[PDB]
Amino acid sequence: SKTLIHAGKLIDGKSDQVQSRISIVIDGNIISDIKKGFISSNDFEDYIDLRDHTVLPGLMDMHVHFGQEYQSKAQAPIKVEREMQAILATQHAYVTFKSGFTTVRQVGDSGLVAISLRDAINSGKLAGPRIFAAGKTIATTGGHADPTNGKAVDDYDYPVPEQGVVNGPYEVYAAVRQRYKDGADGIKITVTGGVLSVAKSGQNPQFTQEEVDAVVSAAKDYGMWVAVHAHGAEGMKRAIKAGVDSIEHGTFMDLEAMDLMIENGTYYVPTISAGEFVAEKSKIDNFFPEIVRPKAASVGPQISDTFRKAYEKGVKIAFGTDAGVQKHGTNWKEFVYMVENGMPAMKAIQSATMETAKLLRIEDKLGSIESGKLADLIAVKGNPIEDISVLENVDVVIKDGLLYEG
């Protein structure tokens, strides 16, 4: 038994051309065939008529944080138990999945949220996207991802390497191995200061070359990719030269960093949305903590500008929003931002399909609508190439050959 889909229009992920009237055949969780025109459907077990829709391969977001959504000081709850993070993550994942993103890379949570959610989803306990998690983001004492920042002296215990806070190359290995132990698919580190952390710096280098080299060599031994938070150029370059797979945000990326990324084939995940988010919010008094506000006003506005520079220079780019800052499910806005800043619509869609698939090392199974690959497809009314914002209304989502939406 097989499923036949009549696609009015088709963006396959590889071809720079929007193809008209195509037949996609699904067998199990695989795309078994692709024929031109609308072939007869009377002989197929199931038929999905999307002649009035534009079909695309499942979309991917390389930077999400299911389990959290940034709230102002006035709105933020007093505390958030781990159980609450997990509970909220189920909903965050579902709305993201329903909006068209069938695969996501969670690069940071308290530790076991995305890992547990991924396992529950993969074993059919609930619906959601394919999740590739990094578990606890690794940082150095006081770093952007140190979970004990913003706490009075007697209100916290100094973190140990296994908890994601390290100093030196040996503690780095302990931390990387701990993520492997927790069940993570990859590694995430904050190579420079950050914005939303209750800490002084928003961009200083927080990993020594020896420490970030240790991250790469350790992750390589465990077959783990390495995503890297970085705003300041210096920390960013220590990571690019070390051989990490991707730089997130890269706010103050300079000319040298750009050529280094091109030479090493490093992926750039802009998260323009999150950038615009903190900018806008930085104008509201007491929205952010006082120590955070300055950083948000500085970093946020520069991402859109850095994005254009990186794109024109030829830096590899993969789709990433940093959803968990802004509300989950608004991932599509990232496309509109990428376009307004110089990237043509089709190139933008390819950055969330094939480019993301390569960064996650799964391009041979997902990322495009081609015979043999896994059946992850979405559909929407309208032409994304003429107005990519139409992607806000994805109304059909198929994952692993199964239809959830539509």
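All residue numbers are counted from 1 along the displayed sequence.
The stretch 270-278 shows the higher mean C-alpha B-factor when 158-166 is compared against 270-278 in the entry. Per-stretch averaging of Cα B factors for 280-288 and 94-102 places 280-288 on top. Within the selection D61, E69, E355, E370, the deposited Cα B-factor values reach their highest point at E370. Across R293, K136, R82, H229, the entry's maximum B-factor at the CA atom is seen for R293. In the PDB entry, a CA B factor belonging to the lowest third of its chain's modelled residues is recorded for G143. Annotation for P301: C-alpha temperature factor in the highest third relative to the rest of the modelled chain, per the entry. In this PDB entry, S197 carries a Cα temperature factor that places it within the lowest third of its chain's modelled residues. Ranked by C-alpha B-factor against the other modelled residues of its chain, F307 falls in the highest third. For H65, the recorded CA temperature factor ranks within the lowest third of the chain's modelled residues.
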